[PDB]
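S.K.: Residue numbers (the entry's author numbering), protein chains in the order written: chain F, 126 to 200; chain D, 391 to 438; chain C, 21 to 1158.
Here it is: the structure, laid out below.
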Amino acid sequence: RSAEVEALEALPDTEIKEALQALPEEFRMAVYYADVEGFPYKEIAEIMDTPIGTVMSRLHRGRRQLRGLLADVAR
Amino acid sequence: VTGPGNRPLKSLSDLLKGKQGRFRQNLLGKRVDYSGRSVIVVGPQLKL
Amino acid sequence: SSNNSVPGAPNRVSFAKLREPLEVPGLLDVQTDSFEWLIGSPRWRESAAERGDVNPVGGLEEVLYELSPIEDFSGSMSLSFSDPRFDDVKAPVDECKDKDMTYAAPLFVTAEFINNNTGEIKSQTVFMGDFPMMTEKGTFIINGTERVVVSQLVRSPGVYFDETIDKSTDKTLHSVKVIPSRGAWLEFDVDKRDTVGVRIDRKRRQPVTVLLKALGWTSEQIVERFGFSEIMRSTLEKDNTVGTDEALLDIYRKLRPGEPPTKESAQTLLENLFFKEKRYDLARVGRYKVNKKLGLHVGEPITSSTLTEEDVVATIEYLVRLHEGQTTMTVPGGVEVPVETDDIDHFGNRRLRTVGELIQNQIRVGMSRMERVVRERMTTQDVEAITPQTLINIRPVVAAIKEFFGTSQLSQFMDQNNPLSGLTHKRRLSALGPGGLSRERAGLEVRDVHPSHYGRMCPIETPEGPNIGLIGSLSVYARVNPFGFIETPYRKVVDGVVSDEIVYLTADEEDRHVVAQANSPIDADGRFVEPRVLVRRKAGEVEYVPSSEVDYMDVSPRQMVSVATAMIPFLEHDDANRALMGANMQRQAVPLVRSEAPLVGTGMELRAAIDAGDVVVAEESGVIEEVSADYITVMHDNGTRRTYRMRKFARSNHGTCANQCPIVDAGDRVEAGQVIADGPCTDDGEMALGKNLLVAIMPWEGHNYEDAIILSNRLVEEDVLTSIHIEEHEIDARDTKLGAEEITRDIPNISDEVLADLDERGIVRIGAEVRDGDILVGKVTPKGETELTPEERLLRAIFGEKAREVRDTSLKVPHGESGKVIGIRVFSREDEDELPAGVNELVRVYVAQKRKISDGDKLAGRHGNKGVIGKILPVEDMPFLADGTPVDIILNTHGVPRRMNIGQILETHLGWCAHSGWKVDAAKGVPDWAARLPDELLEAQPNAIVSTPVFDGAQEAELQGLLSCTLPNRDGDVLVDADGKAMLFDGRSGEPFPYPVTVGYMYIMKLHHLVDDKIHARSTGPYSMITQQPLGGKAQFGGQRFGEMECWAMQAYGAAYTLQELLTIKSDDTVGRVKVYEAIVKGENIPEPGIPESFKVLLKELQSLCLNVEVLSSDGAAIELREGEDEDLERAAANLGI
DNA sequence: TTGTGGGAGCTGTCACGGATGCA
DNA sequence: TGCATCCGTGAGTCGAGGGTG
RNA sequence: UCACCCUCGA
């Protein structure tokens, strides 16, 4: 693991980035907390100040819209 | 104290001592990035 | 002239003026004799009868006789091993090298047990182990790699006296060491004050009277024998105690610390250490040395090899009488022994342990451990249930043999660049190793050429580096004594006549006689015409003596020379430095796609090639039945078929390709011993390490300045110096903590185009051309997901990836390496194959590259003239002869005279004479210059092959004569005048060069040092995990070490920022490296350096030594040296769009 | 937790200043 | 308690390849 | 990659 690999590892994917930017910020933060950071659903509802229904609805809807946004799948 | 093969175990003092200790080998001079080596051939074409 | 002792060998006309009365023995005999002795093969049997050593006893048989019998402490039961026997080999050599095995044969013994109580006998045949076997080429195969056992130089057992001057006072103190083949050492010394004492096992020196009275002597008895020595009388006057039993008890307390003294255990230990044959091994060589040195028992009493009380008395009397130094000394039973100190480097006192003795010495230890196990079993086991099978545990013997062949210093990776390298490697003599002197004990005086090395060890061939004088090649005519000495043949001179009776002499027997020289005037009958000849003195000093006193004469010149060194033409015209470099550089030459025998050589190419073992030879006279590129089948006059398979494009240990090509056609009649097919560097049976090139000796526009070399581009276009280089790549899929690795074409996040050269397995396909970074074997490894990417965990959590979480560990091509995939072999755990634990699959891909000659490649001749290629000009730029023939290689003039290698110039002259051929005019002929040597060298057709044997080569007058009768070219022009020079035309401007330049044909070798191997570059790469500095080595993609002296230079320049940048942001600053790469990538300025991580490692190392180290602020207290983890989260959360 | 049983290698290095330790 | 003797330290730089523990 | 050892190169 060189300094070259370490410096390029820091840069964003700029493909998953764009696809996430296309998602609604309300659903983007939800899929972030529940998937990237892996919070429990109640704790995500605690962080976003919104109840459980809102959180899980944004969760699955943003999941679907992101699924439709990216087809690369590591090619 | 000899490990299998009767070689003397490198002690905490051996890490500092000698030309291969920390001071000589790893502190006074080190291996660097952006460096290479190769065989040298004469070029009379070149300027100084 | 003809050298017709070898059938079918090409006719190399020899300038030799002297007949060869003895022929070069088997160059590998130093190895085969040793191993055939160790086994006891019938070849070795027959040999012994001839030797007259009627008592034949093998090495294994000897270890068995020393071990037998094995008696229990009660004496009730004994176990004796009787007969060693070998089952056939387990696998052939090729299969061993392919499957990473060891070429071995099962070893059986006949273990007879006897119970004296019940008086019962149980014989058996017990399996000792799989014994590694020596090949027909004299090598071994260990774990799939070919290896050679180097003969070790060790001092023979015996007593050795030395004169130690340079005490505190200018007073000669004499010391003596009694050194056995095994046991406890003995040492007798004298001090600054006059005394005599015995230093035993490094213990403090006790007066020798203690040992005298401990062996039973009384004061009245020892005072008699040493009465003429007042030093012994003074030591007895200064003696602490006088008595026998108290001497025993004091010797005991000297041997025994921390435990109470006792007289009974004193007697037992003192009698067991030396005179008991168990703990003390006096060698047969050692008994012979001591019985010749002290002359005590000369009436053939070899019945027992152990110290006799008379020989200790003789050693002490010798020590004390050596202070007086009277020549004749007579032990009470001894015989007129000369009293003199012993030379440690003399080859009469310095023997060599060959491979058989080293293997025997490891087997002895293993078997002694097995004997311990046998004695342990003899108690706990129920009698009437034991068998010789249940007593014997062969684990320590197998472990001993494995440890030897794997880790011993004397078991060396075989060096095979060309046949010659392996040939000499098998004949090397190494002074370092276990049982010999260590590396820090090697002084200048052990490395120098000893006068006893004449005809035994070559003084020219030896390493240039730190191993100088420590590794030396065995001479050509020398052979190893059964005792381990080196003998050299001579010619017995009776009544001043020289007969054909050859007598081999050791260094001991030689110094009694005065030896003549190989170059000597001889009456047609045989006698010296010169009044006084030059000879080697017993002292070794040269002198003059008449012809009736000469006892022996050299069998031949080159007697003192090794194989590789005797292949240098006009060696006698080169200095030992450049001759050494030439001998060492011959065996560094790579093989070429086709091998061209040298136009000018010695008689050693043929013999060295066929003895090297890389050539195919006919074992029996017959006619070739079939010839293919794959094999050659011959039909003997017996009617029996014999077939030889060709080694085709097989990689050697060093990467040089070893091809074999048939030199015979279908239907040819071959005599036994003829060469059937050439090896890598052989040509029609002769060693060809390079090419015959047209050379011009002149400085050319500075491109050959300071040892560089200018080449004709022809040598590229015509593949003259092109060589094939094979390299092996290996990768294995194993079981990790996360699961098992898989070798598969399925590689995530990879294009189909780069995978196009891979089969369904993920392995590259045979015949594809590979470039830097091309995938050789696809391999995926289960990823722990702890380092999994947050943006990738997004994918795994949203898309529900379940089955395969892997990463790309696939094998790729290293930097700067490219070629054509030759072969692929694969081993699978799914199939039946032996693989290490956890390793599922293991695949090897072989890749060959055709390397043309190029800038930087290393060329050298046989005369120590080296150099890299500065430039390769087009065939037009090269200076050309009058007929338009461009020279092939331009060697700078300034390099010849100062280096004292003028054999290259004579080689060039004779090479032109051999290229164009010559016809000496013989109408009223026999010109006085050509009368002496030339027999049928009078005329020679163009491109003839001739030989100049070292010290018998063509004389200067004969070469100057040949330079005149040079045959013209096809146009009738004589292109090279009688001066060896010629007019050359500058191929650039066209004007001819004003002066005639020496041109000719020189043998040039491509040494194995190529730019394709040596070029390296690293912007960034892997680091060592401990000190965080860049790794080292081209293989590891390492960086260059900027050492201490380089920092001294940088400081002397006063360049501070360069020194800091080299030492902080390029090497050890973990946060500065990625910062610098990021800054340059984004085109910004370079930031400020941080702290070297190795300094933190130093501080932690000091803290681990109970040293409280603290970095203080300007005025503050200790400063926190580590960093918080929250510095890296902001930019990550921002890149994810928080 | 029985009755039996004393290691492997080395050293073929040299020069110098100082504390150790012997007599 | 004055002095020999034994002990500890030091002994060029930078490269390449192989093996085994 | 860590440690040895070996054989080399200037």
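Just so it is clear, CB atoms sit at the ideal spot from N, CA and C, and this is done for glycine as well.
With respect to the beta strand (DSSP E) encompassing residue 167(C), which residues constitute its N-terminal and C-terminal limits?
M.R.: Taking the third sequence and counting its residues from 1, the one referred to as residue 167(C) is at position 147. Here the beta strand (DSSP E) through residue 167(C) covers 165-169.
S.K.: When you compare the CB of residue 722(C) with every CB in chain D, is at least one pair closer than 8 Å?
M.R.: Start at 1 with the first residue of the third sequence, and residue 722(C) comes out as number 702. Under the Cβ criterion of 8 Å, residue 722(C) is counted among the residues facing chain D.
S.K.: If the criterion is Cβ atoms closer than 8 Å, does the pair residue 450(C) and residue 582(C) meet it?
M.R.: To locate residue 450(C), count along the third sequence from 1; it is residue 430. To locate residue 582(C), count along the third sequence from 1; it is residue 562. No. Outside cutoff.
S.K.: Quick one: does residue 146(F) have its CB under 8 Å from some CB of chain C?
M.R.: As a first step, residue 146(F) is located in the first sequence; it is residue number 21 there, counting from the start. For residue 146(F), the answer is yes, since a Cβ of chain C falls inside 8 Å of its Cβ.
S.K.: Compute the beta-carbon to beta-carbon distance between residue 200(C) and residue 300(C), rounded to the nearest angstrom, for a pair I have assumed lies under 8 Å.
M.R.: Against the third sequence, residue 200(C) aligns to sequence position 180. Against the third sequence, residue 300(C) aligns to sequence position 280. Yes, residue 200(C) and residue 300(C) are in contact; Cβ-Cβ is about 6 Å, under 8 Å.
S.K.: Is residue 159(C) close to chain D? Criterion is C-beta to C-beta, closer than 8 Å.
M.R.: Reading the third sequence from its first residue, position 139 is the one you call residue 159(C). Not one chain D Cβ lies under 8 Å of residue 159(C).
S.K.: Would you mind telling me which residues of chain F sit closer than 8 Å to residue 1151(C), beta carbon to beta carbon, in chain order?
M.R.: The count along the third sequence starts at 1 and reaches residue 1151(C) at position 1131. By Cβ distance, chain F contributes 135.
S.K.: Got a sec: which bits of the region 189-200 of chain F sit with their beta carbon under 8 Å from any beta carbon on chain C, in order along the chain?
M.R.: Residues of the region 189-200 of chain F with a C-beta atom less than 8 Å from some C-beta of chain C are 191, 192, 198, 199 and 200, listed in chain order.
S.K.: The alpha helix (DSSP H) with residue 336(C) in it runs from where to where?
M.R.: Within the third sequence, the letter at position 316 stands for residue 336(C). Counting along the chain, the alpha helix (DSSP H) containing residue 336(C) begins and ends at 329-344.
S.K.: Using a C-beta cutoff of 8 Å, does residue 399(D) count as contacting chain C?
M.R.: Start at 1 with the first residue of the second sequence, and residue 399(D) comes out as number 9. Taking Cβ atoms only, chain C never reaches closer than 8 Å to residue 399(D), which makes this a no.
S.K.: Is there a Cβ of chain C sitting closer than 8 Å to that of residue 420(D), yes or no?
M.R.: Taking the first residue of the second sequence as 1, we reach residue 420(D) at position 30. With 8 Å as the cut-off, residue 420(D) counts as an interface residue toward chain C.
S.K.: What is the DSSP secondary structure of residue 998(C), counted as helix, strand or coil?
M.R.: The sequence position of residue 998(C) within the third sequence is 978, counting from 1. For residue 998(C), the secondary structure class from DSSP, reduced to helix, strand or coil, is coil.
S.K.: DSSP three-state label for residue 98(C), please.
M.R.: What you label residue 98(C) is simply residue 78 of the third sequence in a count that begins at 1. In this structure, residue 98(C) counts as strand in the three-state DSSP scheme.
S.K.: For residue 795(C), list the residues DSSP reports as bridge partners.
M.R.: Here the question's residue 795(C) lines up with position 775 in the third sequence. Answer by DSSP bridge pairing, in chain order: 832(C).
S.K.: Residue 131(F) touches chain C at which residues, Cβ-Cβ below 7 Å?
M.R.: As a position in the first sequence, residue 131(F) is number 6, starting the count at 1. 1094, listed in chain order.
S.K.: Pick from 204(C), 446(C), 795(C) and 229(C): whose alpha carbon is nearest that of residue 216(C)?
M.R.: Against the third sequence, residue 216(C) aligns to sequence position 196. Here the closest residue by C-alpha is 229(C).
S.K.: Closer than 8 Å, CB to CB, is residue 1050(C) near chain D or not?
M.R.: The residue you call residue 1050(C) lines up with position 1030 of the third sequence. Chain D contact via Cβ: present.
S.K.: Please say whether residue 444(C) and residue 493(C) have beta carbons closer to each other than 8 Å?
M.R.: Position 473 of the third sequence, counting from 1, holds the residue named residue 493(C). Position 424 of the third sequence, counting from 1, holds the residue named residue 444(C). For residue 493(C) and residue 444(C), yes; Cβs fall inside 8 Å.
S.K.: CB residue 412(C) to CB residue 846(C), shorter than 8 Å?
M.R.: Indexing the third sequence from 1 puts residue 412(C) at position 392. Indexing the third sequence from 1 puts residue 846(C) at position 826. Cβ distance not < 8 Å, so residue 412(C) and residue 846(C) don't count as in contact.
S.K.: Select from 962(C), 193(C) and 508(C) the residue whose C-alpha is nearest the C-alpha of residue 473(C).
M.R.: Position 453 of the third sequence, counted from the first residue, corresponds to residue 473(C). That would be 508(C), whose Cα lies nearest to the Cα of residue 473(C).
S.K.: DSSP three-state call for residue 605(C): helix, strand or coil?
M.R.: Walking along the third sequence from the start, residue 605(C) turns up at place 585. Residue 605(C) falls in the helix class under three-state DSSP.
S.K.: Residue 1207(C) and residue 171(C) look like a contact to me (Cβ under 8 Å); what is the Cβ gap, rounded to whole Å?
M.R.: Given a span of 21 to 1158 for chain C in the structure shown, any question on residue 1207(C) remains unanswerable.
S.K.: Sorted by chain position, which residues of the same chain lie with C-beta nearer than 8 Å to residue 236(C)'s C-beta, five sequence neighbours on each side aside?
M.R.: Translated into positions along the third sequence, residue 236(C) becomes position 216. Excluding sequence neighbours, residue 236(C) sits near 264.
S.K.: In angstroms with no decimal places, state the Cα-to-Cα distance between residue 428(D) and residue 223(C).
M.R.: Residue mapping note: residue 428(D) aligns to position 38 of the second sequence, counting from 1. Residue mapping note: residue 223(C) aligns to position 203 of the third sequence, counting from 1. If you take the alpha carbons of residue 428(D) and residue 223(C), they lie about 55 Å apart.
S.K.: Contact check, residue 391(D) vs residue 728(C) under 8 Å by CB: the rounded distance?
M.R.: Residue 391(D) sits at position 1 when you count from the first residue of the second sequence. Residue 728(C) sits at position 708 when you count from the first residue of the third sequence. About 53 Å separates the two Cβ atoms, so there is no contact after all.
S.K.: Got a sec? Which residues, its chain only, sit under 6 Å from residue 134(C) by beta carbon, not counting five neighbours each side?
M.R.: For the purposes of this step, residue 134(C) is taken as residue 114 along the third sequence, with counting starting at 1. 98 and 141.
S.K.: Would you please verify whether the beta carbon of residue 1062(C) is less than 8 Å from any beta carbon of chain F?
M.R.: Residue mapping note: residue 1062(C) aligns to position 1042 of the third sequence, counting from 1. Judged by the 8 Å Cβ criterion, residue 1062(C) is not in contact with chain F.
S.K.: Should residue 823(C) be flagged as near chain F, meaning a C-beta pair shorter than 8 Å?
M.R.: Start at 1 with the first residue of the third sequence, and residue 823(C) comes out as number 803. For residue 823(C), the closest Cβ of chain F is not nearer than 8 Å.
S.K.: Going by alpha carbons, who is nearest to residue 334(C) out of 278(C), 196(C) and 844(C)?
M.R.: Numbered from 1 along the third sequence, position 314 holds the residue referred to as residue 334(C). Nearest of 278(C), 196(C) and 844(C) to residue 334(C), Cα basis: 196(C).
S.K.: Less than 8 Å between the C-beta atoms of residue 28(C) and residue 869(C), yes or no?
M.R.: Locating residue 28(C) in the third sequence gives position 8, counting from the first residue. Locating residue 869(C) in the third sequence gives position 849, counting from the first residue. Cβ atoms of residue 28(C) and residue 869(C): not closer than 8 Å.
S.K.: Let me know if residue 338(C) comes out buried or exposed under the rule of 16 or more other beta-carbons within 10 Å of its beta-carbon.
M.R.: As a working mapping, residue 338(C) is identified with position 318 in the third sequence. Note on residue 338(C): 16 or more other CB atoms within 10 angstroms of its CB, so buried under the neighbour-count rule.
S.K.: Using 8 Å as the cut-off, can you tell me whether the region 1056-1064 of chain C makes contact with the region 1031-1042 of chain C, which would need three or more C-beta pairs spanning the two stretches below that distance?
M.R.: yes
S.K.: Using a Cβ cut-off of 8 Å (strictly closer), state whether residue 1157(C) contacts chain F.
M.R.: Indexing the third sequence from 1 puts residue 1157(C) at position 1137. Yes, residue 1157(C) lies at the interface with chain F (some Cβ there is under 8 Å from its Cβ).
S.K.: Assuming residue 606(C) and residue 882(C) make a contact with CB atoms under 8 Å, what is their CB distance in whole Å?
M.R.: Locating residue 606(C) in the third sequence gives position 586, counting from the first residue. Locating residue 882(C) in the third sequence gives position 862, counting from the first residue. Residue 606(C) to residue 882(C), Cβ: 6 Å. Contact.
S.K.: Quick one: what does DSSP say residue 427(C) is sitting in, helix, strand or coil?
M.R.: Residue mapping note: residue 427(C) aligns to position 407 of the third sequence, counting from 1. Reduced to three states, the DSSP call for residue 427(C) is helix.
S.K.: Based on the DSSP secondary-structure assignment, which residues constitute the bridge partners of residue 938(C)?
M.R.: Residue mapping note: residue 938(C) aligns to position 918 of the third sequence, counting from 1. DSSP output for residue 938(C) lists 960(C) and 986(C) as bridge partner(s).
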